[PDB]
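A quick write-up on the structure given underneath.
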Amino acid sequence: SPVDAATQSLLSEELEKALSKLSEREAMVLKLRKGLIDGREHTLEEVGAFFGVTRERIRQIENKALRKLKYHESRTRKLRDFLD
Amino acid sequence: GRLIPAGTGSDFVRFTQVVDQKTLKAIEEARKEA
Amino acid sequence: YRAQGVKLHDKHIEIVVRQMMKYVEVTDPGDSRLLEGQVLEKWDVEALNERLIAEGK
Amino acid sequence: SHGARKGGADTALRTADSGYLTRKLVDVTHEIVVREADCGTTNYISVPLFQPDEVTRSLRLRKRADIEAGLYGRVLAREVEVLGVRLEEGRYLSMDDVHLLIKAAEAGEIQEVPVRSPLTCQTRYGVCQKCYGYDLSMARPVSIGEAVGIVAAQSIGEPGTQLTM
Amino acid sequence: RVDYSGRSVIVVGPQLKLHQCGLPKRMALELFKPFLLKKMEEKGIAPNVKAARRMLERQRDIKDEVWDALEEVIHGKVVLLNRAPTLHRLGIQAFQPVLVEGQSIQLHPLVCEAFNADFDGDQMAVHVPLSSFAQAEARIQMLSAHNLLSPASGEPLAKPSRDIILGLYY
Amino acid sequence: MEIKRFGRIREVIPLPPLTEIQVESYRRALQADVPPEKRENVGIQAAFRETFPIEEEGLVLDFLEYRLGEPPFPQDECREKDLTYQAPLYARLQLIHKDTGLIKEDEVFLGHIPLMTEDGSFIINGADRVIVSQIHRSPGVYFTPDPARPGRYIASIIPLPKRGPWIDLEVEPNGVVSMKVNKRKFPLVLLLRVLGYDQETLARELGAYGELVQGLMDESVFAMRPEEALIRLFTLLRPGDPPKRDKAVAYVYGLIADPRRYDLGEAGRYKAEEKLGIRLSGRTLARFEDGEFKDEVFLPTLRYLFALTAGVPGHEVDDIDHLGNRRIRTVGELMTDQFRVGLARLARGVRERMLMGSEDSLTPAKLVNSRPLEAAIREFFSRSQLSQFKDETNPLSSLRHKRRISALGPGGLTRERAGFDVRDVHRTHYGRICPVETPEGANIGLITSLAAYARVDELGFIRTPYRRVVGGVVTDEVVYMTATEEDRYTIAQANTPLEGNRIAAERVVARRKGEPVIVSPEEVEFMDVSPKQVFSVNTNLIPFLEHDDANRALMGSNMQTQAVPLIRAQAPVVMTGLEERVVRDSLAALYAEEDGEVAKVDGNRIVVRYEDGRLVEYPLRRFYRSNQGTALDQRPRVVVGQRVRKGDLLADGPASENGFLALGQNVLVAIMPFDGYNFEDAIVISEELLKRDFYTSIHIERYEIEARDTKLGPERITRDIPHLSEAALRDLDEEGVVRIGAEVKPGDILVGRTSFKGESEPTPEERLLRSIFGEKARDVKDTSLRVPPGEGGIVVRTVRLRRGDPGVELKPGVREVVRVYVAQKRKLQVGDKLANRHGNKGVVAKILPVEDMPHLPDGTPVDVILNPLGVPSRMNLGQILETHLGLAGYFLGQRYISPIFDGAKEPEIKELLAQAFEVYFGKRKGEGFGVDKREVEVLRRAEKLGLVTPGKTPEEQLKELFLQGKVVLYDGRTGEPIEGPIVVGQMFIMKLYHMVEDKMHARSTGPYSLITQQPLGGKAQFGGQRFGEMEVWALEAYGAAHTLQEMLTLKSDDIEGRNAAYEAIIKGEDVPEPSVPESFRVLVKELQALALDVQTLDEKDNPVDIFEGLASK
Amino acid sequence: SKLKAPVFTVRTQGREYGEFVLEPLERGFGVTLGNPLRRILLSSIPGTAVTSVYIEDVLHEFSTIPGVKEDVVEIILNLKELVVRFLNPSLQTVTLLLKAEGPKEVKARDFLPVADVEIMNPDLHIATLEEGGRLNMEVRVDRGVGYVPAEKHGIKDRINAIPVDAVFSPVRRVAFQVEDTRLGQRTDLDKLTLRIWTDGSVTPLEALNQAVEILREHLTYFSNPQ
Amino acid sequence: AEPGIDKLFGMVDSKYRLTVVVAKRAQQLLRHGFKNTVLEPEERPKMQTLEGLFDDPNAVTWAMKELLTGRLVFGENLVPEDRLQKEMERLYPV
DNA sequence: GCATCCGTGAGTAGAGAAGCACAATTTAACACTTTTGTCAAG
DNA sequence: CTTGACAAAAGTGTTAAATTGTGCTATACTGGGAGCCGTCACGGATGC
Ligand SMILES: [Mg+2]
Ligand SMILES: [Zn+2]
């Protein structure tokens, strides 16, 4: 629906601003891990081949990026309404 | 679902441009100074 | 419309009547590719005739 | 009760016939738009100010509303000189002009009025501003781009149900 | 069939101006909802458009400040009023809506003849022109106060009738 | 409050039972109570005796008798469980072995016959339904003149509908008489040879009519034998079909002689004998006996045709719209006709099972499959045009629906074939069909109402009663008589003056074949019973009907059907005298069966101790939701210990007051313009109406939801809805259903339901969003039922039906269904439609406070302000006379019965107004008050308008104004009097079912169509408004090109455009440029499906892809 | 739940016209206040008017004077336009003497000055005299309220004096309008606009204050029962 | 009626040209946040809001009143479309 | 020329009755490594 | 930052039952069934 299409676009623009507060590689890891670029989840080995790192290396940067976005969300409160 | 060739869709008025004098003169000077 | 007191300008009817008289029938094709009895718009046949006069056909 | 039922049955069938007529009028005139100021034609029609009457076998002045319905807002094709007033060629006829023409007709100075009409317009896929004349809703010359074909179809079709059929 | 459209029973708006109609607030909230959500976000009513929409879903959750924001939305804007059958073009006319309590559209007495509308149960459709072209066309070309003479005959079509004639005649 | 009765006409007989057109016909068709051996050959009994015996030939299945059992479930339980109120049908069938000589008898179950309730309706799938009577051309033999050939006539033989072919006999221009059967024209001479007619016989019977018999002379066909002509006839009727004798005789037998396939009908047979002067043995055109065809009707038909053509006396053409030639098919005949069709289908299946064999152990139960009969019966009561959803807005609504007569329906007319002739009021409608009650619009004259005194006879012809007049004196003998019998007598009018029982006027107004004539008393043979027999029940409820134009009387009678019951409903001050009978015959009220004493009175039930001593408890229908949503309740009207007589009212039903029909309120009305709020039929009311809860009605809405079995898991009706707070679930009980007594508003949950989400991976943006918040997505989603916008109220009833419940036949895959009833008490508001009985209708446009309303000098404000401009053009003066009589009754504290055409007249209303003035003004004198200064000013203007006599005292002039129904009226806003006296009186006004609450709708975005991707339609579907061609024409005429393009693309079906328009607006941006509509893409693809190459091109004639490369290989 | 006190805004131009707005008001109180004030404004505001005129050599009102364009009626009509303000509260009646000779255009300023008497419109035209025309007038100005026709008072100072309709009311016209207004969630409130036209002897504000005071004084009459 | 509608109709040869000019000007005003307006600060259309008097959000109302002042130039083939958009962004970056 | 059958069209809203044998293909229950995902080590 | 370690989570190869598709029944049987016509005028063709 037009409403469903719009809230999809609003969620994308809010997530892209939330990921801007992250680092360069750190944001790209989440985008590649969650599939924000290609549309499919990329496994840790596939992500590791792109940045030349081991599988557990992504899990450190992927999870640390997750924690900082939780801190940003608690301070800004700009993504809570997009899940209900 | 096209614009009908009548009223505001008629070719006699559809291509009318609107501009202020400030923007118009700026375009005028730009041509002269070049 | 006069009998019922309805006031209607003649030009509205004339627009429709103009469309009722828009077509003509070919009586003599002349030096064209038309057929006798063919029905076509008056604007087309007059424009076609002007081209024929411009060539002497 | 017979007439009341008959009138109600007539109204029910008249709405369908009137609605059908308007749709046919729309589909035959939908392309007619005021597309230019002047087609350049010299052709015109002559609106009669008098009509023959059989009971007297003579020419009787037409009703004022009938003359207005054929002259109001129309561009004069030729110059007209009536009652010392020069109505120039290309003049849009106001209601005052029409009444002046009727007054001159009653004085025997004029019998017909040469006016530009859609019937003699040479504009392709529509009419010109001069041959159409006034935008009745605005009492002023029609603006280029108005779908006068749709307006004409609605104008004819709207009072269709008010006819006695 | 079109979006941004509504329908309700019509009643006479004797106090309305010729360019005005009485639009129910509940209709206008639905008719102008996407505009209202943006206005609610600009103010402090809602944090974002999605939460603003959730507020309007439940009637008991609608604050009074939403109705104030709706007034700013419809300022200068016009809606299209249509009564079937649309025999001529004045079967659709543009009016600046005045937000009214109730569920009925208030119609100006002087446009009733053009609509062939009376107040024995007629209903009218409401339409919202969205863009600047559509609003400009309705405000300039389709406004009721700008269409006073009949396109069919050139005679006044929005003219005194019924009680207006009777009072002035008396 | 006394009731004063007007009128001089004494009605010798009362109104017949107003539902007997429904009740009696269905009782005759079922014959459930008469023992089988005494059942007459009508109804479904005739259906059994016509299809049976099923002689396959040798096995013969004969029918002995049928019986109807008790219904499995009561009427109330059928409504709750969506069940059909029906009785099981058992037929006692015997199988006879013609060779062995053994008879096997057993009772087979043929299915269920729907049962008519006491009031005359059916409960089909839990819904109340009415079978509307159908009018059609009666079967028989007719003689109409040829419009193409002057002086020529055509003979038409019409059987029962779908019971044979129509037969046309016409003398061709060459001379030979032609018979047209099944669109095939063949010479009639050939047929008579088949039916055993010689040349000498035809010359003897029909040789005395000019030379027309010469055309009935073909030497070729007289030479051949009847068996040879039968094959010759078979070739013409069925060219190409091998003309074997056995095949040929079967076709002709089944065309004109088979009773199971050709049925002229009892009415058709009777009409044939009356017209042709013969006696039919059966109902077929011919009889097959002794291996040959014997004529029955063709010779008398052709003899009359020649005699009519020859101009002999006593022969006349037939008016096909004459009501003696038009009959009524009631519910009994319509059901029986479909019962016969199903029985014929069942008989055909019996023959094929007999063809199969296994006759060693064949039983009648095995041969009979009842499903074809049940399906035909179920189809008639569910999907027939004549089977209609019962209109029960008020009890009068259901009464009118059961008396409706329809020319449409199966075997009926269509509006295309409905010309002026069928829709006109024929002269024979007098006393049989109301000349007023009809739907205005496309159905005018096609749906009518039975007249009040009219009744349908066994043959289906409407008879109206007349009083026998002999020797100039009127007797009490009443003869019910058809239109064709009515044409033979001079019938006087019911208003003819009578001195005792003898006609006193020397000149009598009468009718002769429908024409008005002036005759002497000795020439009068019959008299009208009453003026009421001309009109239907609804029209008979309009007082001062003689003062209203027929077109506006039509509106008044129709809108009484639309009046909603009111919590304080009042009977009108001015009545016609039928208010009691309508309530009594609607069975909506409760009456004492015999004399007795009331034992228990409660809002739920009433217990009466009858004289015989038995205790009878009457449960009261309380807050029942009608088909239209109006609340139907019965309120007790007796107290404990009260003695009641037989027929005494026990409890008022809906829209009734002390047994009188109460469709509205009695309000004080001022007839005057008011500041433009009365403009064009708009109505001004006082706020005082709201304060005392007049025009307050109770409406109940039903909401339904089903918990289903789904491949991913069953839907659960529960209180645990994910992602919803306690505020949203506050009114739900532990089962997930809203508690009884809770107030629900739009968006509130009526019942919680969770559905398993379809397996689909989420969008990556959602995947990141869920990961940030650390919430695992649940397996179920919110699919709960919520209050639609603009609705709500108080929850009063929750019905929960579960699978396996006794009598609950849920569809497969449905575990349970929950129904919630929400009741709202609706007060009168702006936009609600009000109407009186005289066709004056309008919506409330303004509600004024009491201090703003015009008021009497004694301080009493009026309740309703009506525009006087609605009277003159509509010519309905009955409301004015009602207002004048209401003004007198308001001050005299009394009500009035004025029968139509015989009732209160102006001299007698004015003398009531004289007495009403003495309490209106004489009370003022006693209180110590003279004449107001303001009244003196109005009286001064009144004499300048010629309304009062100059020189009289102010009291006398005020009385003169009062006798005209006018009073001095003060403006509540200013205190100054209205400059002219105003007609003020008490009038009965109804609140109609059209309410702005149910009609207001709006939509920004919502559901879209599957194929066209355009918004759906209807408020119930949250649809958009239809912008049709004429509305498109209006924008084109305005030159609003961009406004038109948005509605064509951005707001209807530009999928990319409508998504981008909504996204732009919520961002504060202007909507983008629109793109191609999706319906045009559908059009192009559908044109390609027709093998048409449709291509969109550019300026350079190059193809342009409007499908974004998605359809290019 | 009682409504807040309304705001009284004034829009007064010059000394002869003014608009007064009172908002917000309870439902129906715009009509409740507007009508009484209008009735008082048009009938009760104290003022002055010409009630009698004496012109030499004139017998009846429907005659003419040789030497002036205006007949007796037209001058009487011009005199009914005269606006005069007494500067002494105890002053009740004055007579204004006018002796002009033609050719002159007689104005209101040509009246002889009288102590504590002020002519508010000295530019008002009275009569146009030609050469040789003598005009002698003695106009009687009284104090009163409302409108009194000449026949209903019949005031004559001397013989041949013509009674004239006395427009005592300084208010020339009252028009009040009630409009629907809102305050938050309340929508049935009233907005009252009072427009008063005055001859200039009193301000439209002063006329409103006098009308309000008159209504207030009458409200105190509902005391001391019996 | 719109204020000065008679004057607005008198400045154009075709009444639909006025609508095109008003609509195109309104979108120019919306695109640049009303920073490109030719109206003086005392000439700005205003909205009566519960929080005070604010600017009128309706650009069509602004466009009609701008055309009444006479400071707007309208016509066909006045300037190239691309050069008009680029130059107006330079003056009003918004 | 004319007579006849066919095809076309006829207002807008809204509100609502076969059974069995056997083969052939597919589904689903298993096991299996295989691959992540991860949580502790430096 | 790798590098082990784990228990899943996921992929995968068999094998079984469940499902689906196909062939075959030998007294003689040999041209169907439902319709079944209350509107009107209009072209346009299609042949007498
Ligand atoms: Mg109506
Ligand atoms: Zn032209």
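Letters for chains follow the order of the structure tokens (A, B, ...), residue numbers begin at 1 for each chain, and ligand numbers begin at 1 in the order shown.
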
- Task: Output the neighbourhood of ligand 2 as number ranges by chain, that is, all protein and nucleic acid residues with some atom at most 6 Å from the ligand, counting only C-alpha atoms (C1' of nucleotides) and all ligand atoms.
- Result: D: 38-39, 121-123, 127-128, 130-131

Could you please take those selected residues and save N, CA and C atoms as a short mmCIF file (atom, residue, chain, number, x, y, z; two decimals), in the first residue's frame?
```
data_model
loop_
_atom_site.label_atom_id
_atom_site.label_comp_id
_atom_site.auth_asym_id
_atom_site.auth_seq_id
_atom_site.Cartn_x
_atom_site.Cartn_y
_atom_site.Cartn_z
N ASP D 38 -7.62 33.20 -34.28
CA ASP D 38 -8.36 33.48 -35.50
C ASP D 38 -7.93 32.50 -36.58
N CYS D 39 -8.90 31.83 -37.20
CA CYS D 39 -8.62 30.93 -38.31
C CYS D 39 -8.40 31.67 -39.63
N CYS D 121 -16.19 28.18 -39.21
CA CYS D 121 -14.81 28.24 -38.74
C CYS D 121 -13.95 27.25 -39.51
N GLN D 122 -12.73 27.68 -39.84
CA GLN D 122 -11.78 26.85 -40.58
C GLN D 122 -10.71 26.24 -39.69
N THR D 123 -10.82 26.38 -38.38
CA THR D 123 -9.85 25.79 -37.47
C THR D 123 -9.98 24.27 -37.48
N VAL D 127 -12.32 25.14 -32.96
CA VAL D 127 -12.75 26.45 -33.43
C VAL D 127 -11.73 27.49 -32.99
N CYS D 128 -11.83 28.67 -33.57
CA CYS D 128 -10.99 29.78 -33.17
C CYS D 128 -11.72 30.66 -32.16
N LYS D 130 -12.35 33.91 -32.41
CA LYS D 130 -13.28 34.85 -33.04
C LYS D 130 -14.56 34.16 -33.48
N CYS D 131 -14.46 32.92 -33.98
CA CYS D 131 -15.66 32.24 -34.46
C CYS D 131 -16.54 31.74 -33.32
#
```

- Message: Quick one: residues within 7 Å of residue 8 of chain B, only C-alpha atoms (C1' of nucleotides), excluding same-chain residues fewer than 3 positions away - as a count of residues only?
- Response: 9

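Using only C-alpha atoms and all ligand atoms for every distance, the candidate list F:384, F:203, F:515, F:841 yields F:841 as the residue closest to ligand 1.
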
- Message: List as a VMD selection string the protein and nucleic acid residues lying within 12 Å of ligand 1, with only C-alpha atoms (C1' of nucleotides) and all ligand atoms counted.
- Response: (chain E and resid 9 to 11 83 to 85 112 to 113 115 to 124) or (chain F and resid 680 to 682 833 840 to 843)

Okay, now the selection with N, CA, C and O atoms, as a tab-separated table (two decimals), in the first residue's frame?
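Written out: selection33.tsv:
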```tsv
chain	number	residue	atom	x	y	z
E	9	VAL	N	-24.28	13.43	3.61
E	9	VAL	CA	-25.53	14.16	3.39
E	9	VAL	C	-25.25	15.65	3.46
E	9	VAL	O	-24.42	16.12	4.24
E	10	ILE	N	-25.95	16.42	2.62
E	10	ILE	CA	-25.77	17.86	2.55
E	10	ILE	C	-26.89	18.56	3.31
E	10	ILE	O	-28.05	18.12	3.31
E	11	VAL	N	-26.53	19.66	3.97
E	11	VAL	CA	-27.47	20.55	4.62
E	11	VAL	C	-27.16	21.97	4.16
E	11	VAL	O	-26.07	22.25	3.65
E	83	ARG	N	-22.39	16.51	-6.91
E	83	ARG	CA	-23.64	15.79	-6.70
E	83	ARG	C	-24.03	15.09	-8.00
E	83	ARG	O	-24.11	15.74	-9.05
E	84	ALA	N	-24.24	13.79	-7.93
E	84	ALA	CA	-24.67	13.04	-9.10
E	84	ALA	C	-26.16	13.27	-9.35
E	84	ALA	O	-26.94	13.41	-8.41
E	85	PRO	N	-26.58	13.32	-10.62
E	85	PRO	CA	-25.77	13.23	-11.84
E	85	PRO	C	-25.07	14.54	-12.18
E	85	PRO	O	-25.59	15.62	-11.90
E	112	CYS	N	-27.18	25.75	-5.05
E	112	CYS	CA	-28.06	24.59	-5.10
E	112	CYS	C	-28.67	24.41	-6.48
E	112	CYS	O	-28.84	23.28	-6.95
E	113	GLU	N	-29.04	25.51	-7.14
E	113	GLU	CA	-29.65	25.42	-8.46
E	113	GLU	C	-28.68	24.83	-9.48
E	113	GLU	O	-29.08	24.01	-10.31
E	115	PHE	N	-26.22	22.75	-8.87
E	115	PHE	CA	-26.10	21.34	-8.55
E	115	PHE	C	-27.41	20.57	-8.72
E	115	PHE	O	-27.39	19.33	-8.67
E	116	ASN	N	-28.53	21.27	-8.92
E	116	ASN	CA	-29.87	20.68	-8.84
E	116	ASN	C	-30.05	19.98	-7.50
E	116	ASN	O	-30.64	18.90	-7.41
E	117	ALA	N	-29.53	20.60	-6.44
E	117	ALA	CA	-29.48	20.00	-5.12
E	117	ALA	C	-30.56	20.60	-4.22
E	117	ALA	O	-30.75	21.81	-4.20
E	118	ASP	N	-31.25	19.73	-3.48
E	118	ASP	CA	-32.10	20.20	-2.39
E	118	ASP	C	-31.67	19.49	-1.11
E	118	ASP	O	-30.67	18.77	-1.11
E	119	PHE	N	-32.42	19.69	-0.04
E	119	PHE	CA	-32.00	19.19	1.26
E	119	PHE	C	-33.04	18.23	1.83
E	119	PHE	O	-33.46	18.35	2.98
E	120	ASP	N	-33.47	17.30	0.99
E	120	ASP	CA	-34.39	16.23	1.37
E	120	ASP	C	-33.67	14.89	1.39
E	120	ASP	O	-34.28	13.83	1.25
E	121	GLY	N	-32.35	14.93	1.56
E	121	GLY	CA	-31.54	13.73	1.61
E	121	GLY	C	-30.50	13.59	0.51
E	121	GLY	O	-29.93	12.50	0.36
E	122	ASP	N	-30.23	14.63	-0.28
E	122	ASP	CA	-29.17	14.54	-1.28
E	122	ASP	C	-27.82	14.35	-0.60
E	122	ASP	O	-27.58	14.85	0.50
E	123	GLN	N	-26.93	13.63	-1.28
E	123	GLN	CA	-25.56	13.44	-0.83
E	123	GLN	C	-24.61	14.00	-1.88
E	123	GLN	O	-24.93	14.05	-3.07
E	124	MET	N	-23.44	14.43	-1.43
E	124	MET	CA	-22.43	14.98	-2.32
E	124	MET	C	-21.09	14.32	-2.04
E	124	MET	O	-20.77	13.99	-0.90
F	680	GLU	N	-34.95	25.07	0.67
F	680	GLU	CA	-35.05	23.88	-0.18
F	680	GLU	C	-35.21	22.60	0.64
F	680	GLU	O	-34.35	21.71	0.63
F	681	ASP	N	-36.32	22.54	1.37
F	681	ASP	CA	-36.79	21.37	2.12
F	681	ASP	C	-36.00	21.10	3.39
F	681	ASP	O	-36.28	20.12	4.08
F	682	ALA	N	-35.01	21.93	3.72
F	682	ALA	CA	-34.32	21.79	4.99
F	682	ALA	C	-35.26	22.12	6.14
F	682	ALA	O	-36.20	22.91	6.00
F	833	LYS	N	-32.91	12.64	8.30
F	833	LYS	CA	-34.06	12.89	7.45
F	833	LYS	C	-35.36	12.77	8.24
F	833	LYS	O	-35.60	11.75	8.89
F	840	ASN	N	-43.92	15.50	2.54
F	840	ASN	CA	-43.00	16.56	2.92
F	840	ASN	C	-41.85	15.93	3.70
F	840	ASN	O	-42.03	15.43	4.81
F	841	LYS	N	-40.66	15.96	3.11
F	841	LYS	CA	-39.47	15.36	3.70
F	841	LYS	C	-38.32	16.35	3.65
F	841	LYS	O	-38.28	17.25	2.81
F	842	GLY	N	-37.39	16.19	4.58
F	842	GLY	CA	-36.22	17.05	4.62
F	842	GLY	C	-35.29	16.62	5.73
F	842	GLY	O	-35.68	15.89	6.66
F	843	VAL	N	-34.06	17.08	5.63
F	843	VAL	CA	-33.04	16.79	6.62
F	843	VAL	C	-32.98	17.94	7.61
F	843	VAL	O	-33.26	19.09	7.27
```

- Message: Please list as a ChimeraX atom specification every residue within 7 Å of segment 70-77 of chain E, counting only C-alpha atoms (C1' of nucleotides) and excluding residues in the same chain fewer than 4 positions away.
- Response: /E:29,35-36,66,96,135 /H:58,61

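When DSSP is run on the backbone, the residues of chain B that fall into helix (DSSP H, G or I) are residues 7, 8, 9, 11, 12, 13, 14, 21, 22, 23, 24, 25, 26, 27, 28, 29, 30, 31, 32 and 33 of chain B.
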